[PDB]
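First the structure, in the form of structure tokens, and then the observations on it.
To find a chain, count down the sequence lines: A is the first, B the second, and so on, and within it residues start at 1.
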Number of protein chains: 2
Amino acid sequence: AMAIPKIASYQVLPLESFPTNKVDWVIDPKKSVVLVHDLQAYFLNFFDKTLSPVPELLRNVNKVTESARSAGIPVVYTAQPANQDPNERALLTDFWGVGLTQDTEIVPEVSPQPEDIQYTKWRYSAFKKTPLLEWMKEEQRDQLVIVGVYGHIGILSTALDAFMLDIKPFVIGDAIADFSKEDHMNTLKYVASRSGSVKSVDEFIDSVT
Amino acid sequence: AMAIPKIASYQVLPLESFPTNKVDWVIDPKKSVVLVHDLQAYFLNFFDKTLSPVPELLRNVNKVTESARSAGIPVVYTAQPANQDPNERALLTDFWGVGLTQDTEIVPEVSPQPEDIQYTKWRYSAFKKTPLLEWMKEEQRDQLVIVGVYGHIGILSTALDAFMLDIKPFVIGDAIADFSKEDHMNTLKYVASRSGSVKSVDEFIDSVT
């Protein structure tokens with residue numbers, strides 16, 4: 001089993017470097033949901049939080065959720081629970097060990113508001129073992145705007161599952177972070193060419209206001 | 001909408017260049033299933049079939065299936081159906097168009113045997129809208145040995161779903177092909193470090209005989 005590495009700091013990808021979208025979907029405030037993916041103390045503490053990309057990530061997540069709430073867009077947070085039953089954790093243990101035992105709280109900078117939804121996360125994808133798919137169908141919302149960590153792992157897997165489940169995923173390039181700038185960029189490149197749309201925080205704000 | 005490109009010829013990755021496995025799972029003939037992923041004339045026609053990696057891919061898929069059948073390992077083929085209903089095809093149309101309208105047959109070199117299972121494929125992952133998961137649970141088999149095309153798309157998505165569904169995916173590095181040698185290698189690198197195991201045809205034969 002690997003440990004999540006001590007993540008070396010890196011610069012947030014310039015907006016000019018975002019990969020070009022193959023699809024021309026537009027974020028619709030009537031049909032979208034914002035997903036704040038696993039922004040727990042445990043996952044973010046693997047970085048030096050005073051250094052890029054973490055301060056930009058947290059301020060940009062706040063920019064996304066504030067404009068989402070003002071446009072009546074539901075905000076959903078995912079969080080892994082502490083001391084996962086080995087039978088429930090299953091194959092994750094083989095790669096990553098027993099998982100978090102503490103620091104499960106969402107970081108205070110992006111703390112959920114009373115009206116926000118909070119789901120217990122069990123796999124890379126936010127759709128596995130959660131009510132996300134059925135709840136989005138109930139809400140008649142078919143667009144998922146994704147922010148959080150880590151790009152090539154949970155963000156990628158959630159975007160792939162959304163796309164295959166007929167939900168349009170929009171990954172916010174300047175509102176995610178990863179193990180490195182290369183992993184972060186490669187996540188955006190894969191999504192834009194094979195599984196969804198890559199947008200900036202300003203493009204999200206512009207589309208929903 | 002993109003067309004599957006005219007795939008240029010490339011050399012099958014040397015065995016010495018395969019990424020190192022992070023997990024130490026071993027293919028068990030009592031617990032495994034071989035998946036021949038979308039090896040249809042339609043998908044294979046995008047390469048010049050007389051040039052590398054196609055002759056070696058077909059020969060290698062055959063080495064895998066013959067060894068599997070001799071060890072009593074079920075062999076499952078996935079195939080996309082022609083003229084998919086736009087409502088069923090959904091978001092795939094935005095990236096790839098209406099999909100295949102003919103050439104749905106499995107390439108004759110690796111044509112299914114009477115005892116083999118054949119499922120109708122609808123998404124990148126062989127688990128979506130198929131009986132694969134429930135049938136593997138019925139068979140009490142929790143290992144999926146993956147061969148076929150294309151590495152970074154269907155093979156990758158099937159491996160991620162299997163892993164999240166508690167099924168151990170083993171991608172056969174010299175029994176897959178992709179859009180390029182880089183995509184092929186990057187698929188193996190991602191699987192080995194985040195979602196499964198990467199093995200050679202000889203390692204599969206050795207494990208099941």
Side-chain angles (χ1 to χ4, degrees), chain A residues 1-5 20-25 86-97 121-130 133 142-144 150-154 156-169 179 182-183 186-187 189-197, chain B residues 1-5 20-25 86-97 121-130 133 142-144 150-154 156-169 179 182-183 186-187 189-197:
Chain A
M2 308 172 290
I4 296 163
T20 306
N21 286 317
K22 291 296 187 312
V23 294
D24 305 308
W25 306 330
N87 292 331
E88 284 305 305
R89 187 160 166 85
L91 300 180
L92 280 164
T93 308
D94 303 47
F95 280 92
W96 304 108
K121 177 79 125 55
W122 296 96
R123 298 291 183 269
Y124 291 170
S125 171
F127 289 92
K128 300 279 192 274
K129 302 184 184 287
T130 77
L133 178 64
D142 65 355
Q143 302 184 345
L144 188 68
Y150 303 106
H152 79 288
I153 303 177
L156 178 69
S157 303
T158 297
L160 275 162
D161 250 355
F163 173 65
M164 298 187 279
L165 296 164
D166 314 342
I167 301 300
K168 289 176 184 72
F179 286 12
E182 294 78 18
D183 292 332
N186 287 331
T187 297
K189 282 179 174 175
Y190 187 92
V191 170
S193 69
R194 304 287 180 260
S195 189
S197 173
Chain B
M2 308 172 291
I4 296 162
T20 308
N21 286 314
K22 292 293 181 60
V23 294
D24 302 309
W25 307 329
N87 291 331
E88 284 305 305
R89 188 158 166 86
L91 303 179
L92 279 166
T93 308
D94 295 331
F95 283 86
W96 303 108
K121 177 79 126 55
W122 295 96
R123 298 291 182 270
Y124 289 171
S125 171
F127 289 92
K128 300 278 194 274
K129 303 182 182 288
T130 76
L133 178 62
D142 64 355
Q143 302 184 345
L144 187 68
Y150 302 104
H152 79 287
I153 304 174
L156 178 69
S157 302
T158 297
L160 273 159
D161 248 355
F163 174 64
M164 300 186 281
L165 296 165
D166 314 342
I167 300 299
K168 290 176 184 70
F179 286 11
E182 294 79 17
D183 292 331
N186 286 331
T187 297
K189 283 178 174 175
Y190 186 92
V191 169
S193 68
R194 304 287 179 261
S195 189
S197 172

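When heavy atoms are compared at a cutoff of 4.5 Å, A/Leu160 approaches chain B solely by way of its side chain, counted from C-beta outward. Heavy-atom distances place no part of B/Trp122 under 4.5 Å from chain A, backbone and side chain included. In this structure, chain A has heavy atoms under 4.5 Å from both the backbone and the side chain of B/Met164.
When B/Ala1, B/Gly196, B/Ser157 are compared by the number of non-hydrogen pairs under 4.5 Å with chain A, B/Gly196 comes out ahead.
Atom OH of A/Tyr124 is separated from atom CZ of B/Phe163 by 4.0 Å, given to the nearest 0.5 angstrom. If you take OG on B/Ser125 and CG on A/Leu165, they are separated by 9.5 Å, rounding to the nearest 0.5 Å.
Taking 4.0 Å as the cut-off between side-chain N and carboxylate O, A/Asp161 and B/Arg123 do not count as a salt-bridged pair.
The two residues B/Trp25 and A/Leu91 make their nearest non-hydrogen contact at CZ2-CD2, 4.1 Å. What you find for A/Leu156 and B/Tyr190 is that their closest heavy atoms are CD2-OH, 3.8 Å. The minimum heavy-atom distance linking B/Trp96 with A/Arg194 is given by the pair CZ2-CD, 3.7 Å.
Within the 4.5 Å cutoff, no side-chain heavy atoms of B/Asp94 are placed close to those of A/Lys22.
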